[PDB]
Amino acid sequence: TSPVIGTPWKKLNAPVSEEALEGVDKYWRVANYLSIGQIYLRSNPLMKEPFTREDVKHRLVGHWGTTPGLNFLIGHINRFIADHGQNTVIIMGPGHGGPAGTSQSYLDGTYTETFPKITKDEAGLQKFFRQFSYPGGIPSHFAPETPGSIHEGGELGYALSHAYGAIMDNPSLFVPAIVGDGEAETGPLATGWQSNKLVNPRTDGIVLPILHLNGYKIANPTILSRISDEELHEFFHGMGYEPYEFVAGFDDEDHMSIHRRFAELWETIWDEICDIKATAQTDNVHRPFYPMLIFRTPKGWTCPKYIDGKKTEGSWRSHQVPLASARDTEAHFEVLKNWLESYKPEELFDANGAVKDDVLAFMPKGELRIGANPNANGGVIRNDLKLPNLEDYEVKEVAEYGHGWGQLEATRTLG
Amino acid sequence: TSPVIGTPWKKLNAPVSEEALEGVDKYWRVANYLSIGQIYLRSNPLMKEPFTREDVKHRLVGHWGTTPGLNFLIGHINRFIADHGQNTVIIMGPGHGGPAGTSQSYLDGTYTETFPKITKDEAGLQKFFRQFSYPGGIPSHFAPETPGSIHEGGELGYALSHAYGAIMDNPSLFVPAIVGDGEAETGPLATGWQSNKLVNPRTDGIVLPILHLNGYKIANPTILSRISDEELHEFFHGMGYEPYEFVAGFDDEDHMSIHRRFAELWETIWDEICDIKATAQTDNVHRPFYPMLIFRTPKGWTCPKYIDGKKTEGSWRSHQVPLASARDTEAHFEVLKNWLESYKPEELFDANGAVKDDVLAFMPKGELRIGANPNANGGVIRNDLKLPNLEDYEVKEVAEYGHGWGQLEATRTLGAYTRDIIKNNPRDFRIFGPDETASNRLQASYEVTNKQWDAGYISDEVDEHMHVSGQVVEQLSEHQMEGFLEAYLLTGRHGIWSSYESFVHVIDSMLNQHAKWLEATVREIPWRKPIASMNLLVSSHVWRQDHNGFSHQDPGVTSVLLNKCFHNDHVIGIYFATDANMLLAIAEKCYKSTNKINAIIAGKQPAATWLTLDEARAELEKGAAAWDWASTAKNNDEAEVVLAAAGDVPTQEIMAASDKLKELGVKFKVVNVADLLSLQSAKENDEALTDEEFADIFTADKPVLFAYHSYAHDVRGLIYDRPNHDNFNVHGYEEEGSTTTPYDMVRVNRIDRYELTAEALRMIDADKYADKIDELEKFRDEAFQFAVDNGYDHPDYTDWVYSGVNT
Ligand SMILES: Cc1ncc(C[n+]2csc(CCOP(=O)(O)OP(=O)(O)O)c2C)c(N)n1
Ligand SMILES: Cc1ncc(C[n+]2csc(CCOP(=O)(O)OP(=O)(O)O)c2C)c(N)n1
Ligand SMILES: [Ca+2]
Ligand SMILES: [Ca+2]
């Protein structure tokens, strides 16, 4: 049976600390750097004299558009897991956001603990950037080679079925299920919404759907992003959700002001989930309205606004890589240089090239870590079934009346 | 007259101090510890090593489920009392939560003050735990043995009627009245909510109903916990309450928050109560919406959430004890050990085994303490009534024109008398009656007071003798009337209520509980001073329910009261008013009495007056009497038969039989019984007639014809060991009757003057009188046939006057 890990469904009963939010901005900035690093750089991770086209991958493999959104969410969730001691597994619906997933495991320390060649320093950092979507390295998606992934999100649609399946008989487990807004256009996902009728808040755990309403899929706007907000909210309330919405990155709002609002909303949503779980200990025959979070951010968020006169942040044009090559010209290479410098890595890495102690101090520890949670490695929880004696079920009449006897339904015996 | 105690209806005006709330949490934790202790532990109260199963009681007796809930409330009420100086009596509906009431008394210092053997140290704490629901110890309920209690809550449902009685003519008294959600399903409780239209916020106190909505009774959920919150709110609003609801303990919210929320809420309600009381100084004709509190908390609050995989906290399983045994296994004793440790007694007790000073610093002092408040031992407040001269009510006409005079309605004389009791003892005496005060002829009291009514007035053409304040109260519920009067007596006041006889049975069970309360009090609770008697006029009785019929013909309350006549307790009076004058004598005796349920059977129909006041006083002091002036015999040897009557109508039929016997020249003795218990075996009752006195009245060898108001079984079982008992031929009500004539009522029950005369002849010489007997049986059928044919009674029955009357 599922382990009860940590201290589940605890309210903070305190405002989110400023130090932690500074941590989350640092997570967000490093994770965006490590993410652009994995996509663009074969060598010279930390951009030291000389940083040039020499240090840039020939073929650009990886998806950026979803990634900074996922980095924002996962930074905030990590702050959450540490503060609350909450048994948490994420479902990365936008699996193409693989850099968000590896970056996460590198920073939570489970990548080095699992792949010890990939050290916490400039040499490791160079290896780690190179191996992403690289021959004889690791995948571009959040693949099973990634600690914390029970879900690749290569074939979109199974984000909610996986999330609700995982919480069955798993009363202590919390699942942020990040659904893409393109993904939410698939059949499997469209009915996956309705699974809140087939789970019990007392005996199963809790799914939090996070719609990544980032406005676009590959080459198009998403339906849910371009319907009225009043429709979007009714849709979700019709399917048994309390929809909360968060909009950020469309204006000049400083990043710390965004982190403060997001954290305040997250813990409001969390108070309600804690209320649902407390009630269920008492009344679990009346279905509550489960919070869901509509996360509205520009696609490619924190990438260059415009590149070669085309809108890139807040556009489908950022889905894969906003800058299609950092080698073809030297203007293009200065865009990647400026883009990488914008996160100010001179503040994130020490001399050796280790992520600084102040960037990761807010992060959770041990089995609570997204990458080290046993649920993310089901195998370590799995026991052999106590099977009954197979004789007891055998159609015995074959020995006595011989081969080919009777008009039995074979399934009933399996029943 | 109720005393003004403390500083009543004062707002706080500052928030509740963090210091006082830390107190309350400690009270709560220690009261919970004391409460589990009393249930579970025979020894080693503080768990000093070694603490083992040898310290745990063999049989687990007591209730946990209700108790943590009570402890939280009482903790908070004690804070309230201390800060406000509020005159407060609590009514513990779920009286099976006695551990909370003993804990309260232990911690406020009334327990040690009352039982000095039970000390404020480890050794006292040990006797305290052992004594609870334990041979030679104390009850498992909030029994009269507990300081603070005027309500056991053994028999559920009297919580509100007791709460509302207490505040009547008690303007400073606050009564937080805690009601089981299971209790609330009973009929008596359901009607008790409506009491808010019968009290006045200027002249009466304030009752705050607290519904203890713990979700469960014994083995079931409660109706009020499983209807919508919206329905529950309209329900209380529709009965004239402003409902507030508090919900705590279904989640991880820490104890200090719970206490802060509750204390703010409590102070918001109290503010509203202080505004009701302040407004009532100016305007007491508009009925206010009285606050009530819905206290929704999990049953067994703070016990292990689960025991052996069974949900225990917030279940009916915590009803008695959540942990069935702490001896059978080590794992079980372990659960007990953990549970007891979770209140952290190391913080609450000093090494000497006393509760630390910082636990009880918030507590009230002196007479404001729940346990010490004189309203919870109303004997100490009780004064004698200033009674008018019985002489001024005497029917003088018996002395003038002779025994047997007139067509008076005896209950009218009790009315004139009680009227002047109210006049002379305002704020100290109440008539209750289930829409029957005028019907039983007690309305003379309307000359000096009114019926208290705090619902709508519409017109002087119908709203006669009604005011927002008055000493008479009427609802069509015997429960409410028994209930209000019981609590008005327990808080040190006085009263009478009246009922049609048949319907006294409605509140048989309430007579049982008050009798038990009184039985327990007079045996072993001498600190609890005596209260005025529960005086009950039983009238419109079986022999004259000829107009209402068979449903109204049951005098059996006599039989019920006889089952509380033991051990020389002397808590039951059963009086038969022979006439107006016997009724005054009984009345004065009852109104002077204490620690009794007095039942006065008196007719309201026109009837003869037999005795002067003096003759009645005399017969009453011994309980029975030969009627020399009525007797043709001169002594017991001459007497061929003894004619004995108990009840105003049997007396009438016997006296008339006596005139027919007188003409046949028979020698007979006439006996009247006014006190049923005077016939009780002198072995069982030291106040009964001695066998010598008995034999002197009933003769010892002569046969006795006994005409009895109620069922003959009552007498045949009272006199089983008495001299001459086998010669007693007892006639009583026999479940015969209908809507008919007065004569048919006596006839069909074989207690009419004709049958009595015949019976007397049979018993002297059957063969010698065979023909006068046969003439009498024939006439019995002719008078019936005369009624059937004319629709009134044969003029022989109707026009008869005792021979002893002169023009
Ligand atoms: C069933 C399926 N059809 C098509 C694709 C190809 N594909 C991968 S990403 C993508 C767009 C996804 O958009 P969205 O879910 O909005 O992700 P994000 O905007 O976060 O990149 C598509 C069509 C797929 N992975 N699965
Ligand atoms: C008139 C009456 N009928 C039945 C009972 C038996 N009885 C005693 S306790 C109880 C349940 C009480 O439930 P509730 O008032 O909800 O009490 P709590 O949950 O506070 O223990 C029952 C049925 C009783 N005491 N009185
Ligand atoms: Ca999208
Ligand atoms: Ca209850």
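Basis: the model, the stated rules and, where named, an outside source; nothing here is a laboratory result. With ideal geometry, Cβ positions are generated from the backbone for all residues, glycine too; neighbour counts draw on all protein chains shown.
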- In the range A:254-287, how many are over 22 Å from A:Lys26 (Cβ atoms), out of contact with any strand residue (DSSP E or B) (no Cβ under 6 Å at 6 or more places or on another chain) and more than 14 Å from chain B (Cβ to nearest Cβ)? 2
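Can you work out which of the residues in the range B:636-650 that are β-branched (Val, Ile, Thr) and under 14 Å from B:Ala760 (Cα atoms) is surrounded by the fewest Cβ atoms within 10 Å (Cβ to Cβ)? Even if it seems obvious, please write down each step before you answer.
So the first thing to find is which residues in the range B:636-650 are β-branched (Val, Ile, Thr), and the list is B:641-642, B:649.
Filter once more, keeping what is under 14 Å from B:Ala760 (Cα atoms): B:641-642.
Details: B:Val641: 23, B:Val642: 27.
The extreme case among them is B:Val641.
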- Message: Checking the structure you have, find out if any residue of the range B:118-129 is farther than 23 Å from B:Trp527 by Cβ, in contact with a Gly (Cβ under 6 Å, 6 or more places away or on another chain) and outside any loop (DSSP other than H, G, I, E, B).
- Response: yes
- Query: Within the range B:724-735, can one find any residue that is assigned to a loop (DSSP other than H, G, I, E, B) and farther than 22 Å from B:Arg544 by Cβ?
  - Reply: yes
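Checking the condition in contact with a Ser or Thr (Cβ under 6 Å, 6 or more places away or on another chain) and either in contact (Cβ under 8 Å) with a residue 40 or more places away in the chain or basic (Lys, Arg) (or both), which residue from A:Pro45, A:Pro3, A:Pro8 passes?
Numbers: A:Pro45 fails: in contact with a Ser or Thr (Cβ under 6 Å, 6 or more places away or on another chain); A:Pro3 fails: in contact with a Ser or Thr (Cβ under 6 Å, 6 or more places away or on another chain).
Testing whether each residue is in contact with a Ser or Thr (Cβ under 6 Å, 6 or more places away or on another chain) and either in contact (Cβ under 8 Å) with a residue 40 or more places away in the chain or basic (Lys, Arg) (or both) leaves just A:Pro8.
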- Task: Scan (1) free of Cβ contacts under 8 Å to residues at least 12 places away in the same chain; (2) of a type in the set (A, V, I, L, M, F, W, C); (3) within 14 Å of chain B (Cβ to nearest Cβ) for the single condition A:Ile227 breaks and write down its number.
- Result: (3)
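Does A:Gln86 satisfy the criteria of being within 14 Å of chain B (Cβ to nearest Cβ) and surrounded by 20 or more Cβ atoms within 10 Å (Cβ to Cβ)? Please lay out each step first, then the result.
Working: within 14 Å of chain B (Cβ to nearest Cβ): yes; surrounded by 20 or more Cβ atoms within 10 Å (Cβ to Cβ): yes.
It is true that A:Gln86 is within 14 Å of chain B (Cβ to nearest Cβ) and surrounded by 20 or more Cβ atoms within 10 Å (Cβ to Cβ).
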- Do we find a residue being more than 16 Å from ligand 1 (Cβ to nearest atom), hydroxyl-bearing (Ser, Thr, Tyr) and assigned to a loop (DSSP other than H, G, I, E, B) anywhere in the range B:163-180? yes
- Message: Here's a check for you: in the range A:153-186, which residue that is among the charged types (D, E, K, R) and surrounded by fewer than 17 Cβ atoms within 10 Å (Cβ to Cβ) is farthest from the chain's Cα centre (by Cα)?
- Response: A:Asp169
- Query: Here are some residues: B:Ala351, B:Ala331, B:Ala326. Which one is away from ligand 4 (no atom under 16 Å from the Cβ), outside any loop (DSSP other than H, G, I, E, B) and among the small types (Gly, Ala, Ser)?
  - Reply: B:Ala331
- Does A:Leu189 satisfy being under 18 Å from the mean Cα position of the chain (by Cα) and within 16 Å of ligand 1 (Cβ to nearest atom)? yes
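Out of the residues in the range A:114-127 that are in contact (Cβ under 8 Å) with a residue 12 or more places away in the chain and farther than 22 Å from A:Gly23 by Cα, state the one that is farthest from the chain's Cα centre (by Cα). Lay out the reasoning, then the answer.
Taking the range A:114-127 as the starting set, the residues that turn out to be in contact (Cβ under 8 Å) with a residue 12 or more places away in the chain are A:114, A:118, A:120-126.
Then keep just the ones that are farther than 22 Å from A:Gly23 by Cα; that gives A:114, A:118, A:123-124, A:126.
Details: A:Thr114: 19, A:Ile118: 22, A:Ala123: 27, A:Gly124: 24, A:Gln126: 24 Å.
Checking each candidate, the answer is A:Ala123.
Might you check whether a residue that is under 30 Å from B:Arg59 (Cβ atoms) and either more than 16 Å from ligand 4 (Cβ to nearest atom) or within 14 Å of chain A (Cβ to nearest Cβ) (or both) occurs anywhere in the range B:205-214?
So the first thing to find is which residues in the range B:205-214 are under 30 Å from B:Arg59 (Cβ atoms), and the list is B:212, B:214.
Imposing the further condition that a residue be either more than 16 Å from ligand 4 (Cβ to nearest atom) or within 14 Å of chain A (Cβ to nearest Cβ) (or both) reduces the set to B:214.
The answer is yes, given that some residue of the range B:205-214 is under 30 Å from B:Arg59 (Cβ atoms) and either more than 16 Å from ligand 4 (Cβ to nearest atom) or within 14 Å of chain A (Cβ to nearest Cβ) (or both).
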- Task: Starting from the range B:57-73, take each residue that is over 21 Å from B:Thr222 (Cβ atoms) and list its partners that are within 16 Å of ligand 3 (Cβ to nearest atom) and in a helix (DSSP H, G or I), counting only C-beta distances under 6 angstrom and pairs at least six apart or across chains.
- Result: none
- Note on the structure: (1) in contact (Cβ under 8 Å) with a residue 40 or more places away in the chain; (2) within 25 Å of A:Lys277 (Cα to Cα); (3) among the polar types (S, T, N, Q) all hold for A:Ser140 apart from (2)
- Message: Given the options B:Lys277, B:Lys217, name the one that is within 16 Å of ligand 4 (Cβ to nearest atom) and basic (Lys, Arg).
- Response: B:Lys217
- Query: Conditions: (1) among the hydrophobic types (A, V, I, L, M, F, W, C); (2) within 16 Å of ligand 2 (Cβ to nearest atom); (3) free of Cβ contacts under 8 Å to residues at least 60 places away in the same chain. B:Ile218 meets all but one. Number of the miss?
  - Reply: (3)
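Taking the condition farther than 30 Å from A:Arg59 by Cα, away from chain B (no Cβ under 14 Å) and of a type in the set (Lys, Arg), does A:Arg327 pass?
Details: farther than 30 Å from A:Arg59 by Cα: no; away from chain B (no Cβ under 14 Å): yes; of a type in the set (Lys, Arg): yes.
Against the criterion (farther than 30 Å from A:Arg59 by Cα, away from chain B (no Cβ under 14 Å) and of a type in the set (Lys, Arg)), A:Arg327 does not qualify.
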- Message: Which residue is farthest from the chain's Cα centre (by Cα), if the candidates are limited to the range B:531-569 and must be of a type in the set (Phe, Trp, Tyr) and surrounded by fewer than 24 Cβ atoms within 10 Å (Cβ to Cβ)?
- Response: B:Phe550
- Message: Pull out all pairs, ordered by first then second residue, where Cβ-Cβ is under 6 Å, the residues are six or more apart or on different chains, the first lies in the range B:354-379 and is over 30 Å from B:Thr521 (Cβ atoms), and the second is outside any helix (DSSP H, G or I).
- Response: B:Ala354/B:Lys120; B:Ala354/B:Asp121; B:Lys356/B:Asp350
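Quick check on the range A:9-23: of everything there that is out of contact with any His (no Cβ under 8 Å at 6 or more places or on another chain) and within 11 Å of another protein chain (Cβ to nearest Cβ), which residue is farthest from A:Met168 (Cα to Cα)? Show your work before the answer.
Looking only at the range A:9-23, we keep the residues that are out of contact with any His (no Cβ under 8 Å at 6 or more places or on another chain), and these are A:9, A:11, A:13-20, A:22-23.
With the extra rule that they be within 11 Å of another protein chain (Cβ to nearest Cβ), the set shrinks to A:9, A:11, A:13.
On the way: A:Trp9: 16, A:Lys11: 23, A:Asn13: 28 Å.
Here the residue is A:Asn13.
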- Task: Go through B:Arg412, B:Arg430, B:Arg419 for me and flag whichever is in a strand (DSSP E or B) and under 16 Å from B:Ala587 (Cα atoms).
- Result: B:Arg430
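Against the condition surrounded by 19 or more Cβ atoms within 10 Å (Cβ to Cβ) and in a helix (DSSP H, G or I), how does B:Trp301 come out, does it pass?
On the way: surrounded by 19 or more Cβ atoms within 10 Å (Cβ to Cβ): yes; in a helix (DSSP H, G or I): no.
No; evaluated as a whole, the condition is false for this residue.
Mind telling me which of the residues B:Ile586, B:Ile600 ends up being touching a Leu at 6+ places or on another chain (Cβ under 7 Å) and in a strand (DSSP E or B)?
On the way: B:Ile586 fails: in a strand (DSSP E or B).
After applying the criteria, what remains is B:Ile600.
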- Query: Is the range B:67-81 home to any residue that is part of a loop (DSSP other than H, G, I, E, B) and either within 16 Å of ligand 2 (Cβ to nearest atom) or assigned by CATH to the domain that holds B:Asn377 (or both)?
  - Reply: no
- Task: Please work out which one of (1) touching a residue at least 60 places away in the same chain (Cβ under 8 Å); (2) buried (at least 19 other Cβ atoms within 10 Å of the Cβ) is the condition B:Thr312 fails and give its number.
- Result: (1)
- Task: Could you please give the count of residues in the range B:189-204 that are crowded, with 20+ Cβ neighbours inside 10 Å and within 16 Å of ligand 4 (Cβ to nearest atom)?
- Result: 1
